[PDB]
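Participant: Respectively, the protein sequence lines represent chains A, F, D and J.
In case it helps, the authors' numbering puts the first sequence at residues 224 to 335.
In case it helps, the authors' numbering puts the second sequence at residues 10 to 110.
In case it helps, the authors' numbering puts the third sequence at residues 194 to 241.
In case it helps, the authors' numbering puts the fourth sequence at residues 4 to 64.
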Amino acid sequence: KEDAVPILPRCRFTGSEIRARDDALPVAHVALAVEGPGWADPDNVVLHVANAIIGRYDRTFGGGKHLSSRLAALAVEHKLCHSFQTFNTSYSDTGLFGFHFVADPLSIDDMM
Amino acid sequence: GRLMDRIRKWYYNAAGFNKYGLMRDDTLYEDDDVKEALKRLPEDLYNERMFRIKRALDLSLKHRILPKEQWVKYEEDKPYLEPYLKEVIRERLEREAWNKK
Amino acid sequence: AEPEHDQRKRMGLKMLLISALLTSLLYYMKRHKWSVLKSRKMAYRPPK
Amino acid sequence: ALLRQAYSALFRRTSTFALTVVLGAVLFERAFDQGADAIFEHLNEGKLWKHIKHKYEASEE
Ligand SMILES: CCCCCCCCO[C@@H]1O[C@H](CO)[C@@H](O)[C@H](O)[C@H]1O
């Protein structure tokens, strides 16, 4: 028993949402994600490549409107958000593949 | 004797907004006076009202009501706005009266 | 008075079946979409 | 599992979904009409011209 590495019970993923609203907060945060494959899977290499295409942004990227990332460009051209990031968080048997952005209350919809 | 009180408490239950967990003042039609009063409510009272109302709209869409235990009881209904509203109206009538003179 | 009599009823039959089928189908779809709001749960969490 | 097969083959790609509706309609019509007419006539045995037609259809004068 002592030298056997325990296998954890699998965690079920659920398409769903949680909305914590506080209009008193200056900017909104939003994160969206689908279930990832988990450490072992090779596809993670492709997912990471994919995340690189979309990439990330933040109001201090000097590249501005000429950034290669389309989402970054639009973000700049339309002042869509303060920042955004893609991610591929892995775990043993699962993971989260998504993105998170910070935007002003009135640009959330266009950003999304 | 306690007739007026028997009637009120009766109407209160007949109305039934207490089944949605709403306070009498939660059910007021928001005309101008009521809108001004609401702007004067302290933050906590305003957020409590907002949750109560949102909660009622959700029950309403679901076609459910709160469990009998959670119903607002006649004597525990807090007339949180009536005070502000009466003041708002007092001010209005003062100005109206004054602008005629 | 009404030569269409037979065709009218044959049509009525078709209208009913399709009506029964289509109505059920649409009922499910309305329900499906609304399920999101129907089962939705909320809570009031003030810094209290 | 048909549901999964259906999903993968028909309902996943919006293009195949439309194709399934069209081809689905074409087959539904052919079937649905035949059945309706069939039901209607059975419920009206010997009342329609289709039924009595033979009596004068090349068997008189
Ligand atoms: C709710 C939608 C109802 C639409 C029902 C469409 C059915 C009409 O079907 C009709 O049946 C008649 C009798 O066979 C035929 O003569 C007509 O050509 C045909 O169009």
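Even for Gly, the Cβ is constructed at its ideal location relative to N, Cα and C.
Run through chain D and tell me which residues come within less than 9 Å of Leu66/F, C-beta to C-beta.
Facilitator: Here residue 66/F refers to the residue found at position 57 when the second sequence is read from its first residue. Result: empty, since nearest Cβ-Cβ is about 10 Å, beyond 9 Å.
Participant: What residues of chain F sit near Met222/D, judged by a beta carbon separation below 8 Å?
Facilitator: The count along the third sequence starts at 1 and reaches residue 222/D at position 29. Here the premise fails: no neighbours, minimum Cβ distance about 18 Å.
Participant: What residues in the region 216-241 of chain D bring their beta carbon closer than 8 Å to a beta carbon of chain F?
Facilitator: Listed by position along the chain: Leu230, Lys231, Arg233, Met235, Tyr237, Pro239.
Participant: DSSP on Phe236/A, reduced to helix/strand/coil?
Facilitator: As a first step, residue 236/A must be located in the first sequence, where it is residue number 13. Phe236/A: coil per DSSP, three-state reduction.
Participant: Taking Cβ-Cβ distances below 7 Å as the criterion, which residues of the region 69-95 of chain F are in contact with chain D?
Facilitator: Cβ contacts with chain D: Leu70, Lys71.
Participant: May I ask you to verify whether the region 61-70 of chain F touches the region 23-32 of chain F, counting CB pairs closer than 8 Å and requiring at least 3?
Facilitator: The region 61-70 of chain F, when compared against the region 23-32 of chain F, does touch it at the 8 Å Cβ threshold.
Participant: Pop quiz: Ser313/A and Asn267/A are said to be a contact at Cβ under 8 Å. What is the actual Cβ separation, rounded to whole angstroms?
Facilitator: As a working mapping, residue 313/A is identified with position 90 in the first sequence. As a working mapping, residue 267/A is identified with position 44 in the first sequence. Indeed, because the Cβ distance is near 6 Å, the residues count as touching under 8 Å.
Participant: Please classify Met334/A: is it buried, with 16 or more other beta-carbons within 10 angstroms of its beta-carbon, or exposed?
Facilitator: On the first sequence, residue 334/A is found 111 positions in, with the first residue counted as 1. Classification for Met334/A: buried.
Participant: Are the Cβ atoms of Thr19/J and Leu26/J separated by less than 8 Å?
Facilitator: Locating residue 19/J in the fourth sequence gives position 16, counting from the first residue. Locating residue 26/J in the fourth sequence gives position 23, counting from the first residue. No; because the gap between Cβ atoms is not below 8 Å, this pair is not in contact.
Participant: With DSSP as the reference, identify every bridge partner of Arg64/F, one or two as the case may be.
Facilitator: Translated into positions along the second sequence, residue 64/F becomes position 55. According to DSSP, which records beta bridges pairwise, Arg64/F is partnered with nothing at all.
Participant: Could you list which residues in chain D have their beta carbon closer than 9 Å to that of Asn56/F, in chain order?
Facilitator: The residue given as residue 56/F occupies position 47 in the second sequence. Chain D residues near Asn56/F: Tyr237, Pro239.
Participant: Excluding sequence positions up to five away, which residues of its chain have a Cβ less than 6 Å from the Cβ of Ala295/A?
Facilitator: Taking the first residue of the first sequence as 1, we reach residue 295/A at position 72. Cβ within range, chain order: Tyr280.
Participant: On the DSSP bridge list, what partners appear for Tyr280/A?
Facilitator: Walking along the first sequence from the start, residue 280/A turns up at place 57. Its beta-bridge partners are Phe307/A.
Participant: Straight-line CA distance for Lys95/F to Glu300/A?
Facilitator: By one-based count along the second sequence, residue 95/F stands at place 86. By one-based count along the first sequence, residue 300/A stands at place 77. For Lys95/F and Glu300/A, the distance between alpha carbons rounds to 51 Å.
Participant: Which residues have a Cβ closer than 6 Å to any heavy atom of ligand 1, listed in chain order?
Facilitator: In chain order, the qualifying residues are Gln200/D, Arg203/D, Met204/D, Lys207/D, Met208/D, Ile211/D, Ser212/D, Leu215/D.
Participant: Beta strand (DSSP E) containing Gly259/A: first to last residue?
Facilitator: On the first sequence, position 36 is the one that residue 259/A refers to. First-last for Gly259/A: undefined, no H or E at that position.
Participant: Below 8 Å, how does it come out for the region 315-327 of chain A and the region 18-29 of chain F: are there three or more Cβ pairs, yes or no?
Facilitator: Flag = no, the region 315-327 of chain A and the region 18-29 of chain F do not touch.
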